[PDB]
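Colleague: The structure that follows is given in the form of C-alpha cells.
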Amino acid sequence: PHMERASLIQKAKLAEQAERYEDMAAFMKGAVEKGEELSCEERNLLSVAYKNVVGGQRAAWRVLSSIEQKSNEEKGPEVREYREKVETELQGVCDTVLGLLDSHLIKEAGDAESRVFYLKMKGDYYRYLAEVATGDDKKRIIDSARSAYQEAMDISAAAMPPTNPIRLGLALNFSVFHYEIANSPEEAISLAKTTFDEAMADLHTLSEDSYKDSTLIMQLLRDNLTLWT
Amino acid sequence: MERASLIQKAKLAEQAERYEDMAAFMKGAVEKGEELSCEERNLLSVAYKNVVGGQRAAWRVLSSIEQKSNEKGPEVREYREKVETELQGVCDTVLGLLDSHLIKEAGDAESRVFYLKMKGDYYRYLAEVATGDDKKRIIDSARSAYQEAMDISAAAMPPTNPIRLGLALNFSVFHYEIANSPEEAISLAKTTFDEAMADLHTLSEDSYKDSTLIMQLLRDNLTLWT
Amino acid sequence: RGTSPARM
Amino acid sequence: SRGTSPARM
Ligand SMILES: [Cl-]
Ligand SMILES: [Cl-]
Ligand SMILES: [Cl-]
C-alpha cells in the first residue's frame with residue numbers, strides 16, 4: 001500500500017544522479033518518516049537533497065534582493081512580490097527540515113556523530129531562515145541557531161576526534177554563523193583558527209583516506225581565515 | 001493590469017534561474033489572448049526549453065542506468081516512467097498553448113515560423129521517449145509542423161534569418177536522430193550551412209549573435225555525420 | 001544535443 | 001564569498 005524503505009533510499013540515490021533534488025528530498029522525507037534510524041550514507045542523502053533544494057532558493061532570493069536594492073538605490077511592486085514568494089517557499093522547506101529533525105531524527109541519546117550531524121543541520125536551517133528574517137523574529141531565529149550549534153559543539157568536543165569531518169564541518173558553519181549572522185567576527189576567527197590548528201596537530205595519525213576527508217574541510221577553514229583576516 | 005506583471009516576473013524568474021516559475025508566468029501571459037512580441041516569444045521558449053531540458057537530461061541518466069541493470073531492481077524503471085510522464089505533461093502543455101492560442105493568433109511569418117518550429121520541437125521531445133505505434137503518430141506530427149514552418153520560412157525570410165536557420169538545424173536533427181533519414185539530414189544541414197554562410201559575411205550589422213551559435217552546431221553535426 | 005538555442 | 005561545509009561529509 002506504501003513504498004518499502006529500501007526502495008525510497010534507492011530512488012533517492014537515483015534522483016541524486018539525475019539531479020532531481022526536489023524528488024530526492026521527497027524520497028528521503030518518506031524514508032525518515034519510516035521511523036528507522038539513518039545510516040551515515042543515508043544521512044548524507046538527506047542533507048544533499050535539502051541542501052540543493054534550499055540552495056537554489058537561497059541563490060534566487062539573493063538575485064531578487066540584489067535587483068530590489070538596485071531598484072531603490074524601474075518603479076514596480078512585482079520585484080518585492082516575487083522576492084516574497086521565493087522567501088516564503090524557502091521558509092517552508094526550512095520548516096519541513098526542522099520538523100523532520102525534531103519529530104524523528106534528533107534523539108536524547110544514540111550515536112554521537114549522527115546527533116552532532118542533525119544538530120548541525122538544525123543550526124544550519126535556522127541560519128538559512130536568519131538570512132531572510134528581519135526584526136524581533138530574526139533575534140529569536142538567531143538564538144535557535146546558536147542553541148543548536150552550541151549543543152552540537154558540546155557533544156562533538158566530548159565524543160569525536162578534532163579531525164572528524166562532521167566535527168570540522170560543524171565548527172566551520174558555526175564560525176560562518178558568528179561572522180555573518182551574529183555579528184561576532186572575533187569569535188568567528190578564533191573558532192576557525194582553533195579548529196584548524198587542533199585538527200592539524202592530529203593529522204599525522206590518520207589513514208590516507210581519513211586525511212583526505214579531514215583536510216578537505218580544513219581547506220574551507222583556511223579559505224575563510226584568509227578572507228576574514 | 002496583469003499581463004505586464006506576468007512578463008516582468010517572467011524576466012525576473014529567468015534572472016533568478018527559476019524556470020518552472022518563468023514557464024507558469026509565460027503560460028499566464030499567453031492565456032491573456034494578446035500576441036507575443038519577439039522578446040516575449042523568447043521568454044516563452046527559454047522558460048519551457050529549460051524546464052523540459054532538465055527532464056530530458058534526467059530521463060537520459062535513468063535510461064543509461066537501465067543499460068547497466070544486471071551489468072538493478074524495478075525502481076529505475078518506475079522512476080524513469082515518473083520522469084517520462086512529467087516530461088510528456090510539459091510537452092502537452094506547450095503544444096496546447098501553441099494550438100489553442102499562438103499559431104492561430106500569430107500576425108507575421110517570423111512569429112508563425114517560430115511557433116511551428118516549437119511545435120515540431122516538442123513533438124520531437126515526445127518522440128525521444130515514445131515507443132511503437134504512438135511513436136509513428138508523434139513522428140508524423142513533428143514532420144508536419146517542421147515542414148509547414150520550412151515552407152513559410154523559404155517564401156518569407158532570408159536564408160540568414162536566425163529563426164529560419166534554427167528551424168533547419170532542428171529539422172535536420174529530426175531527420176538524423178528521429179526519422180532515420182541521415183541522407184536527408186546531411187543534405188538539409190549542408191544546404192543550410194552553405195546558403196547562410198555565403199550571405200552571413202556579406203550582410204550589414206544584421207542578427208549575428210543568433211546566427212554564429214547555430215552555424216557552429218550545423219558545422220559540428222555535419223562533422224559527426226560525415 | 002546539437003539543436004538550436006531556446007532564444008534566437 | 002566564503003564557504004560552508006558540503007552537504008555530504
Ligand atoms: Cl519497509
Ligand atoms: Cl556517503
Ligand atoms: Cl530576446
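Letters A, B, ... go to the chains of the C-alpha cells in the order shown; residues in each chain start at 1; ligands are counted from 1 in the same order.
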List every residue of chain A that has an atom at most 12 Å from any atom of ligand 1, and for each one report the closest atom pair and its distance in Å to one decimal, counting only C-alpha atoms and all ligand atoms, with rows sorted by chain and then by increasing residue number, as a tab-separated table.
Modeller:
```
residue	atom	partner	partner_atom_place_in_ligand_line	distance
A:1	CA	ligand 1	1 (Cl)	11.0
A:2	CA	ligand 1	1 (Cl)	8.7
A:3	CA	ligand 1	1 (Cl)	7.2
A:4	CA	ligand 1	1 (Cl)	4.1
A:5	CA	ligand 1	1 (Cl)	4.6
A:6	CA	ligand 1	1 (Cl)	6.9
A:7	CA	ligand 1	1 (Cl)	8.6
A:8	CA	ligand 1	1 (Cl)	9.4
A:9	CA	ligand 1	1 (Cl)	10.8
A:30	CA	ligand 1	1 (Cl)	11.1
A:31	CA	ligand 1	1 (Cl)	9.1
A:32	CA	ligand 1	1 (Cl)	11.5
A:33	CA	ligand 1	1 (Cl)	11.0
A:34	CA	ligand 1	1 (Cl)	7.4
A:35	CA	ligand 1	1 (Cl)	10.0
A:36	CA	ligand 1	1 (Cl)	9.4
```
Colleague: Any residue with an atom at most 10 Å from ligand 2 counts, using only C-alpha atoms and all ligand atoms. Which are they? Put them as a ChimeraX atom specification.
Modeller: /A:39-45,48 /D:7-9
Colleague: Give as a VMD selection string the residues surrounding ligand 3 up to a distance of 9 Å, considering only C-alpha atoms and all ligand atoms.
Modeller: (chain B and resid 38 to 43) or (chain C and resid 7 to 8)
Colleague: Could you please take those selected residues and save N, CA, C and O atoms as a CSV table (one decimal), in the first residue's frame?
Modeller:
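Saved as again_18.csv:
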```csv
chain,number,residue,atom,x,y,z
B,38,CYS,N,8.6,39.7,-30.1
B,38,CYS,CA,9.8,38.9,-30.4
B,38,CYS,C,10.5,38.6,-29.0
B,38,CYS,O,10.8,37.4,-28.7
B,39,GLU,N,10.7,39.6,-28.1
B,39,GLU,CA,11.2,39.4,-26.8
B,39,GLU,C,10.4,38.4,-26.0
B,39,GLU,O,11.0,37.5,-25.4
B,40,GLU,N,9.1,38.5,-26.0
B,40,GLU,CA,8.2,37.7,-25.2
B,40,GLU,C,8.2,36.2,-25.8
B,40,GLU,O,8.0,35.3,-24.9
B,41,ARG,N,8.3,36.0,-27.1
B,41,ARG,CA,8.4,34.7,-27.7
B,41,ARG,C,9.6,34.0,-27.1
B,41,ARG,O,9.5,32.8,-26.8
B,42,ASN,N,10.7,34.7,-27.0
B,42,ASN,CA,12.0,34.1,-26.5
B,42,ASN,C,11.8,33.8,-25.0
B,42,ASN,O,12.3,32.8,-24.5
B,43,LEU,N,11.1,34.6,-24.2
B,43,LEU,CA,10.9,34.3,-22.7
B,43,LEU,C,10.1,33.0,-22.7
B,43,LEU,O,10.4,32.1,-21.9
C,7,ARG,N,16.5,30.8,-27.1
C,7,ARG,CA,16.4,32.1,-27.5
C,7,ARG,C,17.2,32.3,-28.8
C,7,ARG,O,18.3,31.9,-28.9
C,8,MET,N,16.6,33.0,-29.8
C,8,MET,CA,17.2,33.2,-31.1
C,8,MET,C,16.5,34.4,-31.8
C,8,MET,O,15.3,34.7,-31.6
```
Colleague: Env of residue B:135: 12 Å cut, atoms = only C-alpha atoms, seq-sep filter 3 positions within chain, self excluded. Answer as a PyMOL selection string.
Modeller: chain B and resi 123-132+138-142+178-179
Colleague: Choose the residue, out of B:73, B:158, B:183, B:152, that has the smallest atom-to-atom separation from residue B:199; count only C-alpha atoms.
Modeller: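 Closest residue, counting only C-alpha atoms: B:158.
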